[PDB]
Amino acid sequence: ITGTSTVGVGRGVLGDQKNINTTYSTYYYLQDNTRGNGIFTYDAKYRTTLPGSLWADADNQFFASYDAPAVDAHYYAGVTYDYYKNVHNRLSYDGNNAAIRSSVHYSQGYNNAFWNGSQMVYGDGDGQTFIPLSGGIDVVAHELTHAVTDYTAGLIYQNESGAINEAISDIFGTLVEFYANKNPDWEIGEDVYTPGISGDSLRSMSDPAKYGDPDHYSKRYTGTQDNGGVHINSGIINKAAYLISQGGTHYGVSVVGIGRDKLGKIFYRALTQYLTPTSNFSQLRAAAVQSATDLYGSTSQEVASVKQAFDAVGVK
Ligand SMILES: CC[C@H](C)[C@H](N)C(=O)N[C@@H](CCCC[NH3+])C(=O)O
Ligand SMILES: [Ca+2]
Ligand SMILES: [Ca+2]
Ligand SMILES: [Ca+2]
Ligand SMILES: [Zn+2]
């Protein structure tokens with residue numbers, strides 16, 4: 001909508017107060033004009049018609065329970081835009097400041113979130129498995145990173161390329177969580193998963209097997225469930241990424257960690273310069289080796305650690 005840029009205040013899903021960029025024209029809308037061609041947040045009103053209505057508020061105060069998922073979807077999309085711009089010199093998901101659109105209150109009791117090819121979509125959860133899923137910065141950044149991947153490598157959402165697609169969303173969703181720096185971790189979705197259970201998450205990058213996901217190529221899923229295991233086999237790549245950043249010894253293979261910034265540069269380069277729609281795990285290793293060689297040199301520690309990490313998870 002056409003109007004003047006404003007600053008509202010509200011509370012997110014976990015009860016934290018934050019300022020949000022709005023636009024005033026009769027109502028205050030969740031329209032952030034400060035980032036690219038805008039960040040726009042919509043109310044799906046418990047239905048599945050998308051996007052729904054651009055979020056309108058009478059007084060620019062967003063403290064209602066019903067407001068919270070919108071506050072977080074809007075705010076965390078801004079954090080994720082800032083990460084890509086500040087850390088990787090990428091302007092929105094398409095690299096040309098595309099508008100970032102999110103809908104909250106999707107369906108009833110919907111225990112998931114997704115990128116639909118055009119926008120982000122967040123369920124409210126059923127209050128047992130999940131609370132509103134935009135409450136997790138790693139969840140928001142994971143979904144927006146699907147848009148980045150779709151515009152760049154274009155990894156097909158099935159089998160190994162799909163598992164890479166999912167791992168890249170977990171890797172950057174985690175790196176965005178560290179960028180914002182509010183008790184960040186290497187776990188996925190801990191802030192919105194199982195409110196009645198302390199300390200768990202949907203997936204773990206540090207130990208995928210904690211939640212039954214494979215942490216070695218020899219344990220890869222080869223059936224048809226989950227588009228050939230895209231959320232399962234991601235654990236093999238998430239473990240490799242965790243080892244490149246943090247180091248460790250896994251199945252007797254030692255990896256020297258090179259830290260999160262270098263992990264992010266190597267994988268952002270692989271995603272944007274080397275991976276293709278059909279890349280498999282072996283081709284990801286080659287892409288990450290070539291990216292680290294470009295950035296640091298063929299005989300660098302960073303290249304050595306990339307090879308060490310893929311060797312540790314059984315990817316040749
Ligand atoms: C990043 C977390 C987000 C929920 C994402 N869409 C996801 O990983 N979803 C998978 C896990 C199950 C979600 C709850 N039913 C999925 O299999 O869709
Ligand atoms: Ca209000
Ligand atoms: Ca996390
Ligand atoms: Ca929990
Ligand atoms: Zn995903």
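Excluded from the calculations below are hydrogen atoms, water molecules and symmetry mates; all remaining heavy atoms, backbone and side chain alike, are included. First listed ligand is number 1; within each ligand, the first listed atom is number 1. By convention here, the first residue in the shown sequence is residue 1.
Note on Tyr193: counted as a metal contact of the Ca ion (ligand 4), an N/O/S atom lying under 3.0 Å. Residue side and main chain included, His231 places no N/O/S atom under 2.8 Å of the Zn ion (ligand 5). Backbone or side-chain N, O or S atoms of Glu166 reach the Zn ion (ligand 5) at under 2.8 Å. Residue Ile197: an N/O/S atom is found under 3.0 Å from the Ca ion (ligand 4).
Residues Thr249 and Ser254 bring a donor and an acceptor atom of their side chains to less than 3.5 Å of each other. Between the side chains of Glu166 and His146, a donor-acceptor pair is found at a separation under 3.5 Å. Side chain to side chain, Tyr66 and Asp124 fail the donor-acceptor criterion of an N or O pair below 3.5 Å. If you check the side chains of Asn37 and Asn97, you find no donor sitting under 3.5 Å from an acceptor. No side-chain donor-acceptor contact under 3.5 Å links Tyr76 and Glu143.
Checking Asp32, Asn33, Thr2 one by one against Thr23, the side chain to side chain donor-acceptor pair (under 3.5 Å) holds for a single residue, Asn33.
Protein N/O/S atoms closer than 3.0 Å to the Ca ion (ligand 3), listed by chain and residue number, are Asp138 OD2, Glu177 OE1, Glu177 OE2, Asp185 OD1, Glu187 O, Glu190 OE1, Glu190 OE2.
For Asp200, the N, O or S atom with the smallest separation from the Ca ion (ligand 4) is OD1. The N, O or S atom of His146 with the smallest distance to the Zn ion (ligand 5) is NE2.
Cluster annotation: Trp55 and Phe63 are assigned to distinct hydrophobic clusters (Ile/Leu/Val/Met/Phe/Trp/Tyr, side-chain heavy-atom contacts under 4.5 Å, transitive).
By the 6.0 Å and 45° rule, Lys265 does not stack over the aromatic ring of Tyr296.
Summarising the geometry of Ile164 relative to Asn280, their closest heavy-atom pair is CD1-O, 3.5 Å, with the distance given to 0.1 Å.
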